[PDB]
Amino acid sequence: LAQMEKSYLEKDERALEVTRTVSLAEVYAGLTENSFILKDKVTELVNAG
Amino acid sequence: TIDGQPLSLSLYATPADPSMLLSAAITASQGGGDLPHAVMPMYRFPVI
């Protein structure tokens, strides 16, 4: 336990904490294969389930 | 004597005394602990 604890304390560094906000409509539009508009496909798939 | 026994008595040699046994404790001297390389951790002073 002291071996593993000392290894954790020697190998622990701070961070690089990156938040990436991803809009799925952009990914569905830039799909480059059967790409679509999300707001129309949702009402299409809801009214035609 | 007339019977062949000697007039002058014999010499009595002294036996050896029992010696005193001796022992000893020889001692060794190994090196001390040398300091390793220090690493800086991520926590503050009361935590470490």
# chains A, B, ... in the order shown; residues from 1 in each chain; ligands from 1
$ interface_residues --of "chain B" --to "chain A" --cutoff "12 Å" --atoms "only C-alpha atoms" --output "JSON, numbers by chain"
{"B": [37, 38, 39, 40, 41, 42, 43, 44, 47, 48]}
$ write_last_selection --atoms "N, CA, C and O atoms" --output "short mmCIF file (atom, residue, chain, number, x, y, z; two decimals), in the first residue's frame"
data_model
loop_
_atom_site.label_atom_id
_atom_site.label_comp_id
_atom_site.auth_asym_id
_atom_site.auth_seq_id
_atom_site.Cartn_x
_atom_site.Cartn_y
_atom_site.Cartn_z
N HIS B 37 16.61 10.60 -4.05
CA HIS B 37 16.27 11.82 -4.78
C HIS B 37 14.87 12.28 -4.41
O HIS B 37 13.93 11.47 -4.38
N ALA B 38 14.72 13.57 -4.14
CA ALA B 38 13.45 14.13 -3.72
C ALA B 38 12.59 14.51 -4.92
O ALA B 38 13.08 15.10 -5.89
N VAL B 39 11.30 14.19 -4.84
CA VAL B 39 10.33 14.51 -5.88
C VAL B 39 9.32 15.49 -5.28
O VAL B 39 8.96 15.38 -4.11
N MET B 40 8.90 16.46 -6.08
CA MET B 40 7.92 17.42 -5.59
C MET B 40 6.51 16.91 -5.85
O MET B 40 6.18 16.58 -6.99
N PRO B 41 5.66 16.82 -4.84
CA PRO B 41 4.29 16.35 -5.03
C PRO B 41 3.35 17.50 -5.34
O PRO B 41 3.76 18.66 -5.45
N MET B 42 2.07 17.17 -5.46
CA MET B 42 1.05 18.14 -5.85
C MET B 42 0.29 18.73 -4.68
O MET B 42 -0.44 19.71 -4.88
N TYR B 43 0.41 18.17 -3.49
CA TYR B 43 -0.39 18.64 -2.37
C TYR B 43 0.36 19.69 -1.57
O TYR B 43 1.57 19.86 -1.71
N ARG B 44 -0.37 20.38 -0.71
CA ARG B 44 0.22 21.41 0.11
C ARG B 44 0.93 20.79 1.31
O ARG B 44 0.94 19.56 1.51
N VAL B 47 -1.05 18.56 4.04
CA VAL B 47 -1.47 17.29 3.47
C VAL B 47 -0.28 16.34 3.34
O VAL B 47 -0.34 15.17 3.77
N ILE B 48 0.82 16.83 2.78
CA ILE B 48 2.00 15.99 2.66
C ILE B 48 2.62 15.71 4.02
O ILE B 48 3.20 14.64 4.23
#
$ residues_around --residues "region 28-30 of chain A" --least-positions-apart "5" --cutoff "12 Å" --atoms "only C-alpha atoms" --output "CSV table (one decimal) with N, CA, C and O atoms, in the first residue's frame"
chain,number,residue,atom,x,y,z
A,22,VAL,N,-20.6,20.6,-27.6
A,22,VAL,CA,-20.9,20.0,-28.9
A,22,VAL,C,-22.3,20.1,-29.2
A,22,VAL,O,-23.2,19.5,-28.5
A,23,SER,N,-22.7,20.7,-30.3
A,23,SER,CA,-24.1,20.8,-30.8
A,23,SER,C,-24.3,19.6,-31.8
A,23,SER,O,-23.6,19.6,-32.8
A,35,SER,N,-26.3,13.2,-44.4
A,35,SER,CA,-26.5,14.3,-43.4
A,35,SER,C,-27.9,14.9,-43.5
A,35,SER,O,-28.5,14.8,-44.6
A,36,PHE,N,-28.3,15.5,-42.4
A,36,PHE,CA,-29.7,16.0,-42.4
A,36,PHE,C,-29.8,17.2,-41.4
A,36,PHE,O,-28.8,17.5,-40.7
A,37,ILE,N,-31.0,17.7,-41.4
A,37,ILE,CA,-31.3,18.8,-40.5
A,37,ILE,C,-32.1,18.2,-39.4
A,37,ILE,O,-33.2,17.6,-39.6
A,38,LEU,N,-31.6,18.4,-38.2
A,38,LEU,CA,-32.1,17.8,-37.0
A,38,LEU,C,-33.5,18.2,-36.6
A,38,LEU,O,-34.3,17.3,-36.3
A,39,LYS,N,-33.8,19.5,-36.8
A,39,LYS,CA,-35.1,20.0,-36.4
A,39,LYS,C,-36.2,19.5,-37.3
A,39,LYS,O,-37.4,19.4,-36.9
A,40,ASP,N,-35.9,19.1,-38.5
A,40,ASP,CA,-36.9,18.5,-39.4
A,40,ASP,C,-37.0,17.0,-39.3
A,40,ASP,O,-38.1,16.4,-39.4
A,41,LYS,N,-35.8,16.4,-39.0
A,41,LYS,CA,-35.9,14.9,-38.8
A,41,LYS,C,-36.6,14.5,-37.5
A,41,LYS,O,-37.2,13.5,-37.4
A,42,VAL,N,-36.6,15.4,-36.5
A,42,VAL,CA,-37.3,15.1,-35.2
A,42,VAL,C,-38.8,15.1,-35.4
A,42,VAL,O,-39.5,14.2,-35.0
$ select_by_dssp --residues "chain A" --states "alpha helix (DSSP H)" --output "list in words"
residues 2, 3, 4, 5, 6, 7, 8, 9, 10, 11, 24, 25, 26, 27, 28, 29, 38, 39, 40, 41, 42, 43, 44, 45, 46 and 47 of chain A
$ atom_distance --atom1 "CA of residue 1 (chain A)" --atom2 "CA of residue 33 (chain B)"
22.5 Å
